[PDB]
Amino acid sequence: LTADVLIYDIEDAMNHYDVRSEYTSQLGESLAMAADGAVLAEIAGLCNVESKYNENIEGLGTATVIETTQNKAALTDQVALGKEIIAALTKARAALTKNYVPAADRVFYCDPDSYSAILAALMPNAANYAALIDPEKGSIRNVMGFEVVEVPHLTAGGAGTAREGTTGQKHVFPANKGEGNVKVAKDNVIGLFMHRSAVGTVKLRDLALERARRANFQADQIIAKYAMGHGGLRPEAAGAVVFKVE
Amino acid sequence: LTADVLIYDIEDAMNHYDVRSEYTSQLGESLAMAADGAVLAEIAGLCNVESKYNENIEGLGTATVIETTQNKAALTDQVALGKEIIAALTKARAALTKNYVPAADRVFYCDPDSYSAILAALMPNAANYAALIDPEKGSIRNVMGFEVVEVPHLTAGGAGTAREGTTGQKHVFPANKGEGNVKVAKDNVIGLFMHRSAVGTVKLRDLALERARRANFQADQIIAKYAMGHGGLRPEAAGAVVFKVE
Amino acid sequence: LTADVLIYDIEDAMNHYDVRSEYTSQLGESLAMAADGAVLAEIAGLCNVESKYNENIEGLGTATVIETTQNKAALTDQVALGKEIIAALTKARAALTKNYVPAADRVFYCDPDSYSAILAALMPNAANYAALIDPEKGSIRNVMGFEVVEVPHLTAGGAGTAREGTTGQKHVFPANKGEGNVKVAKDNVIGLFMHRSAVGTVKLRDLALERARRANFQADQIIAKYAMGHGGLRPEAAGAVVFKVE
Amino acid sequence: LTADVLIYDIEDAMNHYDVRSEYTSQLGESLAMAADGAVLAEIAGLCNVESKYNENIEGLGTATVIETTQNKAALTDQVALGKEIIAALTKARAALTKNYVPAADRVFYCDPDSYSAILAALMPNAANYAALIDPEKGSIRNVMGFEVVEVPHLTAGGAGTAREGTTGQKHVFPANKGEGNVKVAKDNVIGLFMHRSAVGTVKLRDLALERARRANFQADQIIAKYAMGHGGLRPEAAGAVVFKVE
Amino acid sequence: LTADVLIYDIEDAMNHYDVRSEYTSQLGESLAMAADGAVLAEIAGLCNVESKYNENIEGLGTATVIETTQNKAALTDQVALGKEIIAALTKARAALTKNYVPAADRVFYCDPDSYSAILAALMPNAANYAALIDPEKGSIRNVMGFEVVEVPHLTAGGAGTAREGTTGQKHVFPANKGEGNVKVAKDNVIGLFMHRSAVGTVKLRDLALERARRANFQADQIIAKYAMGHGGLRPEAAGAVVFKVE
Amino acid sequence: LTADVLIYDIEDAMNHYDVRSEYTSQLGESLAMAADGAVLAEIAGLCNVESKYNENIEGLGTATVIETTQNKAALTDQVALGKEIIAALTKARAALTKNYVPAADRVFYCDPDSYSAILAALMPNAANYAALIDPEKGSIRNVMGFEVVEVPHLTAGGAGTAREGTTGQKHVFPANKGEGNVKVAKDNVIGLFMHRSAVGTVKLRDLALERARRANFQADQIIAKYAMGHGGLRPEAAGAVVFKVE
Amino acid sequence: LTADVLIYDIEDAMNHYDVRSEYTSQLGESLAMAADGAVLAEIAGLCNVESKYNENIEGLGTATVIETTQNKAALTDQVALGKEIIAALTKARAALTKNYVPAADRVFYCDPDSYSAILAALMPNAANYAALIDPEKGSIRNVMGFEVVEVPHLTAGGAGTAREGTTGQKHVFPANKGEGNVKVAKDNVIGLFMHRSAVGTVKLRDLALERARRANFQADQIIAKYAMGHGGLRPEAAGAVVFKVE
């Protein structure tokens with residue numbers, strides 16, 4: 100997928116990497132029951148702690164530029180570097196959001212709640228007032244500052260449907276601009292999920308651990324490359340994405 | 100039920116506890132008739148005074164840690180304490196608002212008028228302009244500063260119905276925020292009553308006597324607990340709720 | 100009737116009492132009719148002056164509190180005094196507004212114009228734009244600062260009917276609050292008249308002469324009261340209401 | 100008719116009286132017709148000048164005040180004087196506007212255009228947008244600053260019909276206040292004409308020539324009045340009204 | 100026709116008169132066509148020039164004043180002069196706008212485009228949004244500052260139809276005032292054309308060449324006039340109107 | 100076509116002409132793919148560079164002026180020059196926008212995306228919200244400052260359809276004025292394309308290379324022209340238009 | 100009854116009164132025990148505690164004395180007060196012991212065991228050695244210090260029967276003196292019960308709560324009393340008697 104890096108910006112970042120990142124989170128809950136008198140029927144059950152590991156898989160790829168074109172056009176190298184970096188940053192976006200990446204990178208799907216929902220097409224085909232009740236459910240211990248993810252098409256369709264004006268979203272504004280749903284900002288990214296927003300904010304949904312990003316490496320010294328000058332400029336993806344629970 | 104402690108905040112608090120709280124209120128009213136001339140057929144009565152008692156039931160329910168995990172992870176204890184307290188403070192809410200609690204706590208229902216209304220599902224399924232007439236009726240003897248209790252779903256549905264804008268309540272605002280009905284603030288708590296608001300304000304509706312709240316107690320010294328280090332951390336619910344009349 | 104003393108507040112007050120109040124007002128009008136030149140046939144008479152008298156009759160109704168409960172609860176006396184005074188101030192309201200009082204108070208009806216209108220139910224059952232024409236008629240010789248009297252039910256119905264918003268009166272506000280009709284404030288009192296407002300302002304409509312109000316008297320010394328301590332606390336109403344003409 | 104002197108205020112005033120007022124106005128107009136070359140058949144016509152006379156009829160009608168009441172109540176004289184003056188100033192209004200006066204004063208009717216329209220009840224019963232076209236017609240040779248005369252009832256009905264708000268006139272205001280029709284101020288006087296406003300402004304419509312107004316005269320010296328002290332206080336109307344043309 | 104001189108004010112004026120005005124304008128246009136290569140079949144054409152003549156007609160007509168009335172009333176002469184001038188200035192308006200004139204003056208019709216449209220009644224009876232597209236078509240070469248001519252009736256009807264308010268034109272204002280259509284000012288003149296506005300602005304539509312206007316001439320010296328003093332005051336119309344093309 | 104030169108103004112201009120203009124742009128892009136480990140299946144590619152050529156052909160055509168009219172009217176020559184220049188600048192517009200030109204100039208069609216769309220009539224006949232999604236799609240890599248091209252008819256129809264007011268475009272304004280669509284300015288040119296706007300801004304869509312424009316040449320010296328004085332003034336078009344890709 | 104207050108003296112006295120006397124006594128109890136090694140157990144048992152209610156009723160009997168005798172004899176008042184106080188203290192004795200009271204006092208009967216024995220005349224007519232075995236039955240659990248109640252007649256009869264001497268009781272003493280049965284003191288009160296003594300001592304048999312005793316009130320201010328001086332002095336009994344069980 101190729102667009103603006105919008106999900107990563109709101110996505111929580113963690114380093115802690117020697118080779119890779121390590122984080123510790125809680126699971127489960129301590130619950131209660133009893134009555135008046137002495138004695139009572141009473142039972143136990145404590146919380147649990149997890150330590151999860153997050154690996155980074157490389158999504159490389161090469162580009163073989165000849166010495167003749169490299170010497171004839173000096174600009175064609177800098178344009179190649181400037182393009183290949185965005186192309187794989189968007190390849191990272193595919194992993195960061197929820198898509199399929201042509202380069203062999205991490206392939207996960209939609210932002211999870213406290214649960215990983217199964218990817219399924221909805222019988223009713225509309226995104227509407229369900230975005231109002233979600234960060235509203237996000238008001239128990241649940242902290243707001245959410246982000247309802249919607250596709251530019253549904254954002255144009257939501258602009259098409261009845262709002263304050265005949266145009267505009269929940270905030271009366273054109274699509275893919277300063278996007279905003281009810282009581283919080285909206286994220287407009289193409290080719291994504293068309294369903295009710297997941298429970299829990301940034302911290303619960305998506306986390307991005309980064310060692311680095313796609314690094315370029317050109318090697319003029321390869322058995323066939325050195326004589327021709329047909330040097331191989333190589334993008335090499337780094338930094339991973341995680342879709343957390345609890 | 101698990102949500103924000105919204106009803107208790109507006110709910111009136113009383114201490115006076117040696118072991119438990121004691122309060123005195125009046126019942127009924129004295130009224131008499133007369134005519135012009137002499138003599139008249141005049142009969143008159145008295146007002147009665149009541150002294151009601153409020154007991155606190157315990158909603159315990161332990162949780163069994165293990166020495167190994169307690170030593171391996173130091174954080175698992177403080178997190179357990181901090182989550183079990185919310186778990187039973189929300190269990191108190193279930194009693195405070197009107198719900199069923201898994202722990203054997205005080206199980207009452209809806210906020211009463213000068214009368215306890217029978218819990219029944221309405222034939223017309225809508226919460227609307229009835230919130231106008233209630234604190235309006237709350238103007239004869241009655242002081243306002245009321246609190247119309249509405250479910251997040253009906254508050255989203257009331258946002259859906261015709262108001263000032265296409266969304267927003269009686270005060271044009273997204274649900275589960277700074278909620279407000281006509282002339283006074285609204286309370287948004289999930290899984291509650293869907294009917295006309297009760298007569299009489301906070302003082303008449305709900306009162307909450309508190310000795311304390313859910314207190315934690317860990318005992319490493321039990322037969323199976325001391326050798327294994329499998330200590331039992333125990334939530335113990337305290338403080339009660341009342342739904343007053345007159 | 101029982102509510103807030105709203106009509107008495109706007110109602111004009113007169114003392115002048117030795118035993119009772121005395122006021123002097125004018126009746127009738129002088130007129131003319133002539134032609135040109137001489138001689139003419141022209142004749143008319145004088146204006147008249149009245150001196151009306153307003154008496155006050157006691158609205159009684161005892162309450163016999165026992166010495167035992169008096170010594171048991173010291174509060175039950177002050178609560179009785181603070182309840183019986185409101186009970187008869189509202190009994191006065193019934194006379195002041197237009198209702199039927201249980202106690203022996205002066206029973207009159209609706210606020211009069213320059214005429215006493217006969218109490219009759221309207222064939223058209225609505226209170227609406229008729230409040231616009233009335234103090235409008237009170238703009239010739241007459242002065243405004245009127246008070247259209249409406250029942251909370253019709254005020255909720257007037258809120259229900261088409262206005263600036265979907266709710267609100269002639270001034271967009273919930274009923275039984277700071278009530279206001281067109282170009283002047285509204286009075287919301289339950290169980291009153293449902294018709295066009297009377298001509299003439301406060302001075303012409305209702306006047307309230309007061310010596311005092313309901314005075315409490317407890318006598319422990321009665322042949323059966325001194326023994327049991329079953330003291331009889333008796334509310335006795337004072338101050339009268341008049342519905343004036345011209 | 101009895102109301103505020105509203106028509107006289109806008110009505111043009113003329114004195115010039117030795118015994119009565121005299122004014123000179125023009126009648127008719129001169130026109131022209133001809134074609135090219137010579138010689139042509141062309142006819143002639145002159146303008147005419149008129150000198151009209153305006154007489155003032157009286158409006159007497161005594162009030163026989165007894166010496167006993169005059170001495171017992173000193174106030175009854177000043178009240179009589181201050182009331183009989185208004186009673187006949189309103190009688191002048193009846194003549195000034197268009198009404199039948201119980202006094203044998205000047206009895207004329209509706210404000211004329213450049214023509215005196217016959218008093219007839221309209222088949223369509225409404226006063227509406229016709230008040231827009233009238234001083235709009237008064238924009239050619241004519242000057243604005245008009246006054247559409249409407250009855251309080253129709254002005255409440257015009258408030259009842261579709262305007263800017265659900266209430267208010269062409270200017271959104273309650274009737275009998277600071278009344279205003281389209282582009283100019285409205286006059287609200289009861290019991291008047293319900294038709295399209297006349298052509299021509301104040302100068303063309305109504306003129307009020309005044310020597311004086313209703314003058315009071317009391318004579319204690321009449322054959323029966325001197326002995327009884329039954330003196331006759333007598334109003335005497337003065338100043339006339341005219342409804343002009345051209 | 101008799102109204103305010105509104106069309107002449109915006110109408111362009113030309114003098115240049117020795118006896119009458121002379122102006123030079125262009126007709127037709129020269130175009131070009133070709134093909135790729137050599138040689139090509141290419142035809143040629145010229146632009147033409149015209150010198151048009153505009154004559155002035157005399158719309159006279161006399162007014163016969165008797166010596167007796169001339170001496171009895173001195174004001175009748177100045178009034179006659181002051182009326183007859185407006186009478187024939189409005190007679191000129193009939194020619195200037197598009198009407199029939201009693202005094203045989205120049206009788207032309209509606210403002211022309213680059214073409215003289217045939218005077219015909221429209222099948223659809225409405226003047227509306229077509230006034231928007233006309234000076235919008237006047238945006239290619241065409242400079243705006245146009246003048247959509249509409250009848251006071253259609254202006255009141257256009258006020259009646261749906262606009263910003265329930266009244267007012269394309270600019271929300273009452274008829275025959277500071278009239279304005281879309282983008283530019285409107286002209287309100289009675290008894291004129293009810294159709295789409297002509298193409299081209301003031302310079303293309305109407306031009307008014309003026310030597311003078313209606314000149315008054317009184318001759319006491321006529322064979323029957325000298326003895327009677329029955330002198331003949333005579334309006335004599337001057338200055339003509341033209342409805343141009345190209 | 101004949102209108103205002105609106106597309107050329109926003110259209111990007113390039114000189115660089117010796118005889119004609121030369122520009123260099125890049126085609127295609129170089130991508131990447133691979134996985135973790137060693138070794139991996141990995142392929143390479145290159146970006147291509149183009150050097151396109153843009154010629155200019157003359158859209159000529161003559162105009163024959165006779166010596167007699169040239170001497171009789173001096174103005175007819177300057178008028179001919181002033182008309183024929185606009186005639187062929189509008190003929191250039193036909194090429195610059197997308198039309199058919201009478202003189203054989205360069206005939207191309209609609210503004211291209213990164214692709215040349217086939218000229219076809221739409222099954223749904225409307226231009227609406229699709230103008231919002233286009234420079235919205237141009238918010239990723241693409242820069243805004245776009246120009247949605249619409250026909251005055253569809254601009255009047257877009258004014259006719261539901262907007263902020265009953266009239267006006269996406270910006271509430273009349274057609275053929277200061278035209279503006281959503282988030283950017285609109286171009287109103289007659290007889291153009293009725294479809295979704297092309298991807299890419301000015302630089303990607305249309306480029307106009309100019310050596311000059313239509314140059315006039317008059318030759319009095321031709322075998323038949325010299326004796327008659329029937330000189331031939333001939334428009335000869337210059338400067339070309341290109342509809343770019345990538 | 101009328102004699103010496105003997106039963107009340109030995110009877111246990113309590114207060115605790117607000118208006119009523121409230122005492123707390125145990126109706127038995129249940130307790131348990133636990134063990135160690137490990138291994139703690141919970142104790143089971145509900146404390147059987149009662150809280151009983153006792154109300155005091157007034158015994159009355161007015162006596163009216165004239166002003167003349169009050170002034171003639173000053174001593175008659177102090178004698179009356181001294182006579183009436185003993186009269187009702189002996190009337191209280193009737194309630195305290197077991198008799199019938201002429202005044203409206205609490206009417207109970209014989210001292211109960213752990214049971215209320217039915218008042219019945221014995222077939223054998225004698226009171227003898229049964230008084231020995233009764234506090235001897237009160238030697239297992241029970242503590243002595245008892246009081247065998249006997250009538251002066253049976254005391255004289257018990258003196259008459261075989262003892263140490265020919266006269267004297269179980270302790271050789273004449274009737275109505277320092278009375279004593281076997282092991283413990285006797286009580287001589289006339290008109291009481293002739294049967295075996297009840298089980299349980301003072302605490303189990305009778306308890307005497309006292310708010311006060313018979314209070315005297317004289318009111319010279321009664322409608323018939325003030326003029327005559329025939330003041331009414333009325334005894335009003337206070338303080339009740341309880342006959343306990345368990």
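Going down the list, the protein sequences come from chains B, A, F, E, D, C and G.
Throughout, the deposited numbering is defined as the position within the first sequence, counted from one, plus 99.
Throughout, the deposited numbering is defined as the position within the second sequence, counted from one, plus 99.
Throughout, the deposited numbering is defined as the position within the third sequence, counted from one, plus 99.
Throughout, the deposited numbering is defined as the position within the fourth sequence, counted from one, plus 99.
Throughout, the deposited numbering is defined as the position within the fifth sequence, counted from one, plus 99.
Throughout, the deposited numbering is defined as the position within the sixth sequence, counted from one, plus 99.
Throughout, the deposited numbering is defined as the position within the seventh sequence, counted from one, plus 99.
Every residue, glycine too, gets a C-beta built ideally from N, C-alpha and C.
Span separating the alpha-carbon of residue i from that of residue j
{"i": "C:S238", "j": "B:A102", "result": "9 Å"}
{"i": "C:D286", "j": "C:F245", "result": "10 Å"}
{"i": "D:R295", "j": "B:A220", "result": "56 Å"}
{"i": "C:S213", "j": "C:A229", "result": "18 Å"}
{"i": "E:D108", "j": "E:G267", "result": "24 Å"}
Where the alpha helix (DSSP H) containing residue i begins and where it ends
{"i": "F:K182", "result": "174-195"}
{"i": "B:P234", "result": "229-236"}
{"i": "D:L253", "result": "251-259"}
{"i": "C:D111", "result": "Premise fails: C:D111 lies in the beta strand (DSSP E), 111-113, not in any alpha helix (DSSP H)."}
Residue closest to residue i, alpha-carbon to alpha-carbon, out of the options
{"i": "A:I156", "options": "A:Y228, A:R295, A:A203, A:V288", "result": "A:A203"}
{"i": "B:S150", "options": "B:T123, B:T168, B:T300", "result": "B:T123"}
{"i": "E:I165", "options": "E:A337, E:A323, E:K343", "result": "E:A323"}
{"i": "F:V242", "options": "F:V301, F:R313, F:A172", "result": "F:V301"}
First through last residue of the beta strand (DSSP E) which encompasses residue i
{"i": "G:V148", "result": "148-153"}
{"i": "G:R304", "result": "Segment 301-304 is the alpha helix (DSSP H) holding G:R304; no beta strand (DSSP E) there."}
{"i": "E:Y208", "result": "Careful: E:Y208 lies outside any beta strand (DSSP E) and carries neither H nor E."}
As assigned by DSSP and simplified to three states, the class of residue i
{"i": "D:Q320", "result": "coil"}
{"i": "B:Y325", "result": "helix"}
{"i": "F:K171", "result": "helix"}
{"i": "residue 356 of chain C", "result": "The structure shown does not extend to residue 356 of chain C, since chain C spans only 100 to 345, so no value can be given for it."}
{"i": "D:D108", "result": "helix"}
{"i": "F:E166", "result": "helix"}
Cβ-heavy atom distance, residue i to the ligand GDP, below 7 Å
{"i": "E:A297", "result": "The ligand content of the structure shown is nil, which means the ligand GDP is not present either."}
Bridge partner(s) assigned by DSSP for residue i
{"i": "E:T123", "result": "E:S150"}
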